[PDB]
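Given next are the chains, with one letter for each unit.
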Amino acid sequence: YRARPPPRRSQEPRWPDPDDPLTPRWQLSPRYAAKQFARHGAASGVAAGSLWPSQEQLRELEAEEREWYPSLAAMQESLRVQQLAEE
Amino acid sequence: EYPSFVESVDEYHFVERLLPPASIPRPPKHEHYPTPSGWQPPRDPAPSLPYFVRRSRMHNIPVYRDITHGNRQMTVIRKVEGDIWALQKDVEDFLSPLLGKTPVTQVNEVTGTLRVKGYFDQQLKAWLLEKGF
Amino acid sequence: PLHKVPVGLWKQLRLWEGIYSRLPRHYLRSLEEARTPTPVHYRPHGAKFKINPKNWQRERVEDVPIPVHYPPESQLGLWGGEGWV
Amino acid sequence: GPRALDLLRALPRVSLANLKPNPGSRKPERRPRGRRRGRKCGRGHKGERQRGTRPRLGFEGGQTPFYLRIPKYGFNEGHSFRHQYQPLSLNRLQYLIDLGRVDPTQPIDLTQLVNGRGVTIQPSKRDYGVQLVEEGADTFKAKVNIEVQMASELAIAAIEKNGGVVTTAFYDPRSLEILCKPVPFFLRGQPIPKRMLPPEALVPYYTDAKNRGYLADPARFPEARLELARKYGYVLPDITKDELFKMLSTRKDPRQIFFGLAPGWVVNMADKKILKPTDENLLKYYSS
Amino acid sequence: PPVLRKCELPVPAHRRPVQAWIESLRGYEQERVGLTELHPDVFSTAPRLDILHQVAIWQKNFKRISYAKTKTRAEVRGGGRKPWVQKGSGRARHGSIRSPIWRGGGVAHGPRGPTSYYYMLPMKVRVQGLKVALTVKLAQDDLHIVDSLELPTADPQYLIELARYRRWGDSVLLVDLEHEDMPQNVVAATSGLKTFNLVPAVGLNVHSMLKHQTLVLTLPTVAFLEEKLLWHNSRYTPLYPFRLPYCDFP
Amino acid sequence: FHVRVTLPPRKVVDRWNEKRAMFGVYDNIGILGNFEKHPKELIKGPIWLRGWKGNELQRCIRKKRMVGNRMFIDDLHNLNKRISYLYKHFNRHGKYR
Amino acid sequence: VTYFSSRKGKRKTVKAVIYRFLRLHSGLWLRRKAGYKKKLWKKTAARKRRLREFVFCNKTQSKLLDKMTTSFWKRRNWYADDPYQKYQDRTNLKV
RNA sequence: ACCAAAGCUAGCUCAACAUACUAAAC
Ligand SMILES: [Mg+2]
Ligand SMILES: [Mg+2]
Ligand SMILES: [Mg+2]
Ligand SMILES: [Mg+2]
Ligand SMILES: [Mg+2]
Ligand SMILES: [Mg+2]
Ligand SMILES: [Mg+2]
Ligand SMILES: [Mg+2]
Ligand SMILES: [Mg+2]
Ligand SMILES: [Mg+2]
Ligand SMILES: [Mg+2]
Ligand SMILES: [Mg+2]
Ligand SMILES: [Mg+2]
Ligand SMILES: [Mg+2]
């Protein structure tokens, strides 16, 4: 007998059907398209401008960072106040 | 409202440094042996011994120590090709004056492995280095 | 054997097929979306992160709406979006 | 050499009909059948043990258990928030350099170490990078531009004696994951994020010149080097007169993760391209 | 014209490569056409029948999924109530009528659902098993190197008579380099035979090598197998799966 | 203990059919093929068992987690009851504790 | 002890032992003496020192705690300024 | 020697795919 064709992983980008309700959610999430671009990029067909955050996303990121990450000068001033208090 | 981007190939030589090698690089040739880390390559020709202790994939001597039951200490010499009984005889002749008696040994011939009863890893490593393996 | 489509999508499939498909698209899109109603009985927290008073670490907090029951007499009046807790 | 290959000539063909595992590799399972292994089948007489209803492990038959009578004390209290640093001995570093896993001609970083398989960083286990110890400081003869997160005075002195550069930088867990596994991050499709600043607990460590902190004042580095040299009794070499001074003095921006790359770039490895942002808000956010 | 093949990989200084004949599948009598050199770390390693047995058992078992399932006493249809009272009846006490004691009752332990007997031997163990299979096939005079796997005709009886003349045995496994690069002559000659099986290089396995009495390898297949098998002797542990981009690995 | 009185027809099994001749052909697909596809991909069977192995409790847990939303009513009830029984037996019953 | 969890099917660990015990990497378990904070005015300075001193556990209790803890608590931890880092290993144990 | 004994089939079980899911008769 002759062997069957070997199982080969396709290197072409694969996009699931967004209108089929049987497709999973992780295959429609934006991270799926981002990873498809990272894998192929050219043959993927993903707008490279979408990899960066949008305006509202940038604003929310800046708010989060300014609320949960103090500046180096402010942190040094807080540390100086604390060491002065201990002294 | 997609932001504009620039596509460049100039800074892609930095990405080559972030790719780990899938193989192990051969040790560089030094002007003096042994190296400061104590490493030493084998001799250029093969010795006339009827056995060959092949180096590990990291270019180290395959002499390890093993513990069993929390109190049984053994020393394992691996990667032996040839008359393993000659290597066993040489090991017993080398370890007899150190202990005053013939050391207990097991010879796995189908595996090419020697197993001495006790911790003699450093001494066996130095002995194999003197023998040029 | 197993069902090809999960049970949670059966109502969606019936809404997609049959006479439910011939309904107006604006009505259909108004019915599909399930917006979170305003908190009436539970009091939500403002920020998405909070510092634990015991752990002194930042943790992501979320708001879970408390189930409220609307008796059939509430559909004849205007209770303000509340009901029986 | 392998006389077994010559012995295999007289032996018949090796097939699936003559295959035996190693003697002792398979301990045969024993079933409750027969006169010996039947008749209560290794369970004993009545009680809870034969019927399979004995209490849990810590239970001692109603007596207050040992694992509950001991008072609570802080031993692992806040253990999931203690910063961990994988140790790297100068002995191991010299071993890697001598075996050729890492090259002293280039700036050595955590990415280079994990590529050379010198250290393994598990950032999900609260690991915060690599610390330098001095277990092999006596026989260290390598001149490298090392980049660690913590270092001991003895290790820094042993490196300066050979004429290297030690620097302690900070990496929040995300940047540590990215620095340890860059290719799995480049295959993710996300821009290179910024390097978060160290918290207030580590700021005095990274703004100190004795620790060679990456946020420390570069004007106090020669003074600290001279103090270390005069303390450990070795002459401080003229580092600026070295042929590899550029490689020895190359630095990373406190917001930078890799060498040469910049926060906000997308590495498309399929087309070998680097997409850089051009938006003003994007650039301000990525350079802040 | 003598066709000679040299080892394209570094051979250790203490070991010499093993030489083998290169036959041709075109003529009946032309059995000695060239000379090939095979790496000793691939075709002359130590014969490890235990590793052979391990890899064979793995190949047989790791794909198995037993679709055997019996109904316990909880899945049988009836038996929801006591058949008789606990006392007074004079007979034995019972609960459900679907107990494993009863006739139409459930099974006490039995097989439970689809069971997957799945496990993965270490990659170096599987590679060493392949090496040992090739080495024993060479050492037992059951490995034959051919060139280009060319055939004059598509007659399977031609291959039958050729194997009977060359005393290859009952079963022959011809390994080619690629699947689409297989000549239609040998394809049609092997599609009608049972004991003569044609497989590509990525389809070589310990189970098939032990099932077929004779192995046939072409020169490009030998080179490919040597290159694929010798890579694991001096490789690192995978930081991430080898399907991802590495420095020197595809 | 009454044994059959006639000999059964000898099953003529050919060990050289297609399946027996090509069995386990691509087991080394990753090793001999520049690893892209794990031998997991050759496993044919239920979805919750392709390249996975566990005891009965883990099997039931994984089945309910993966394909539980498509099972029938009686099948899902029997699966929940089996999960409960296996939980109680494995966490409260036994000898070695 | 939950030998097989219901969500993941894994083995769980009891939190009391991690709250009142400390495992060194060499296999030893460290604990506090019971009653070192109760009625200190009624006890002698020597007894109070005995209560304040740390203590080890024997083989049976150590194996019990190993059974009650998972493998996450038996790992090698490299903490910054760990007081027990010098005790994480064992030296000169001639068994 | 009675009572009796032996068949190999009816069919079931577990999965995969699947039109997309209250069969036919009304
Ligand atoms: Mg061991
Ligand atoms: Mg037993
Ligand atoms: Mg058993
Ligand atoms: Mg008995
Ligand atoms: Mg009895
Ligand atoms: Mg008794
Ligand atoms: Mg009793
Ligand atoms: Mg009894
Ligand atoms: Mg009591
Ligand atoms: Mg670690
Ligand atoms: Mg019932
Ligand atoms: Mg009832
Ligand atoms: Mg009952
Ligand atoms: Mg039944």
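Residues numbered from 1 in each chain as written, not as in the entry; some residues may be left out. Chains lettered and ligands numbered in written order. Part of a larger assembly, values for the part shown. Heavy atoms only, no water.

Method of determination, as annotated in the archive: cryo-EM, at 3.0 Å resolution.

Observations regarding the protein's contact with RNA strand H
Around RNA strand H there are 20 residues in total, and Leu 2 and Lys 4 of chain C together with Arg 4, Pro 46 and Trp 48 of chain F lie nearest to it. Counting only the atoms of RNA strand H within 4 Å of the protein, the fraction contributed by sugar and phosphate is 73%. The backbone of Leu 2 of chain C places a nitrogen or oxygen atom 3.1 Å from a base nitrogen of RNA strand H. Within the contact set of RNA strand H, a phosphate oxygen lies 3.4 Å away from a side-chain nitrogen or oxygen of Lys 63 of chain F. (Near = heavy atom within 4 Å. Polar contact = N/O pair within 3.5 Å; in protein donor to acceptor, adjacent residues only side chain to side chain.)

Side note on helix α11 (residues 280-287) of chain D
All of the buried residues along α11 of chain D are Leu 282, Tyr 285 and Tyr 286 of chain D. Taken down its axis, α11 of chain D places every buried residue within 95° of arc, on the same side. More than 90 degrees from the buried face of α11 of chain D, the exposed residues found are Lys 284 and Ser 287 of chain D. As for α11 of chain D, its buried residues are in contact with α2 (55-68) of chain A together with β5 (273-277) of chain D. (Buried < 20%, exposed > 50% of the residue type's maximum accessible area, 1.4 Å probe, protein only. Helix = DSSP H or I, 4+ residues; strand = E, 2+ residues; numbered from the N terminus. Arc of directions from axis to C-beta. Contact = heavy atoms within 4.5 Å.)

Considering the packing of aromatic side chains
Working definition: an aromatic ring pair is given by the centre-to-centre distance plus the angle between the planes. Residue and element names in this part refer to chain E. Applying the stated criterion across every chain, the model contains 34 aromatic pairs over all chains. Summarising the aromatic geometry, the rings of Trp 58 and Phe 62 are spaced 4.4 Å apart at their centres and angled 10° between planes, so their arrangement reads as stacked. Residue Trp 58 is classed as buried on the basis of its relative accessible area, which comes to 0%. Judged by relative accessible area, which is 0%, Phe 62 ranks as buried. (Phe/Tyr/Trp six-rings, centres within 6.5 Å; stacked < 30°, edge-to-face > 60°.)

Topic: the nonpolar core
In terms of nonpolar packing, the biggest core is built from 127 residues, with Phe 186 of chain D together with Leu 217 of chain E touching the most fellow members. Apart from residues lying up to four places away in sequence, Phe 186 of chain D is in contact with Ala 38 of chain A, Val 15 and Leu 18 of chain B together with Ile 192, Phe 258, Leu 261, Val 267 and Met 269 of chain D. Membership of the second largest hydrophobic core comes to 20 residues, among which are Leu 95, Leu 114, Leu 124 and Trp 127 of chain B. (Core = buried A, V, L, I, M, F, W, Y, C linked by side-chain atoms within 4.5 Å.)

Here we look at the interface of chain E and chain F
Chain E puts 46 residues into the contact, and the matching count from chain F is 37 residues. Roughly 3700 Å² is buried in total at the junction of chain E and chain F, and carbon and sulfur atoms are behind 59% of that figure. Counting across the interface, chain E meets chain F through two salt bridges. Note that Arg 112 of chain E and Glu 56 of chain F form a salt bridge whose closest N and O atoms lie 3.3 Å from each other. Scanning the region where chain E abuts chain F turns up twelve residue pairs in polar contact. Residue assignment for the side of chain E that touches chain F shows that the elements contributing at least two residues are α2 (49-61), β5 (115-117), α3 (123-139), β8 (196-199), α6 (206-211) and α7 (219-230) of chain E. (Buried area = accessible area lost by both parts, 1.4 Å probe. Salt bridge = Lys/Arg side-chain N within 4 Å of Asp/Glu carboxyl O.)

As for helix α1 (residues 30-39) of chain A
Listed in full, the buried residues belonging to α1 of chain A are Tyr 32, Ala 33, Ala 34, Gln 36, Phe 37 and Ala 38 of chain A. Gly 41 of chain A lies just past α1 of chain A and shows a positive phi near 80°.

Describing the sheet that holds strand β3 (residues 150-151) of chain D
Sheets are built from strands that pair by backbone hydrogen bonding, the pairs being arranged parallel or antiparallel. Residue and element names in this part refer to chain D. A sheet is described by the order of its strands in space; here three strands give the open sequence β1-β2-β3, paired in parallel fashion. The open sheet terminates on both sides in strands that have one partner only, identified here as β1 (84-89) and β3. Pairing between β1 and strand β2 (residues 127-133): five bridges, direction parallel. Its bridge partner lying in β2, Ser 89 is registered against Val 133. Packed on one face of the sheet, helix α3 (residues 90-99) meets β1 and β2 and runs near 60° to β1. (Pairing = 2+ DSSP bridges. Axes fitted to C-alpha atoms, helices over the stretch in contact; angles between N-to-C directions.)

So, the pattern of salt bridges
Using the criterion set out here, one finds 36 salt bridges over all chains in the structure. Taking the shortest distance from any N to any O, the salt bridge between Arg 15 of chain E and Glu 81 of chain B comes out at 3.9 Å. Here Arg 15 of chain E, found in the loop between β1 (3-5) and β2 (18-23), pairs with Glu 81 of chain B, found in strand β5 (residues 80-82), and the two come from separate chains. In this structure, the salt-bridge partner of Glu 226 of chain E is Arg 5 of chain E, at a minimum N-O distance of 3.3 Å. Remark: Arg 5 of chain E occurs in strand β1 and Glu 226 of chain E occurs in helix α7; sequence separation between them is 221 residues.

Quick look at a nonpolar patch on the surface
Taken together, the side chains of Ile 19, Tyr 20, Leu 23, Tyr 27 and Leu 31 of chain C define a hydrophobic patch exposed on the protein surface, amounting to about 500 Å² of accessible area. Since its relative accessible area comes to 45%, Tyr 20 of chain C is described here as partly exposed. (Patch = residues over 30% accessible without salt bridge, like charges linked within 9 Å, V, L, I, M, F, W, Y side chains within 5 Å. Areas by Shrake-Rupley, 256 points an atom, 1.4 Å probe, with all protein chains shown as cover.)

Digging into the coordination of the magnesium ion (ligand 4)
Within the protein, the atoms that donate to the magnesium ion (ligand 4) are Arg 36 of chain D (O) and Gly 38 of chain D (O), at distances of 2.1 to 2.4 Å. By relative accessible area, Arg 36 of chain D is classed as exposed at 58%. (Donors = N, O, S within 2.8 Å, 3.2 Å for Na, K, Ca; no water.)

Considerations on the sheet that holds strand β4 (residues 72-77) of chain B
Residues and elements named next belong to chain B. Spatially, the four strands line up as an open sheet ordered β3-β4-β7-β6, and their pairing is antiparallel. Two strands bound the open sheet, and with one partner strand each, they are β3 (63-68) and β6 (105-108). Between one strand axis and the next, the sheet turns by 25° as a mean value, whatever way the strands run. Pairing of β3 with β4, which is carried by six bridges, proceeds in the antiparallel orientation. Of the residues in β4, the one forming a bridge with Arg 65 is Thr 75. Here helix α1 (residues 84-99) sits on the sheet in contact with β4, β6 and β7 (113-117), set at roughly 25° to β7. The strands touched by helix α2 (residues 121-131) within the sheet are β3 and β4, with β3 carrying the most contacts at an inclination of about 160°.

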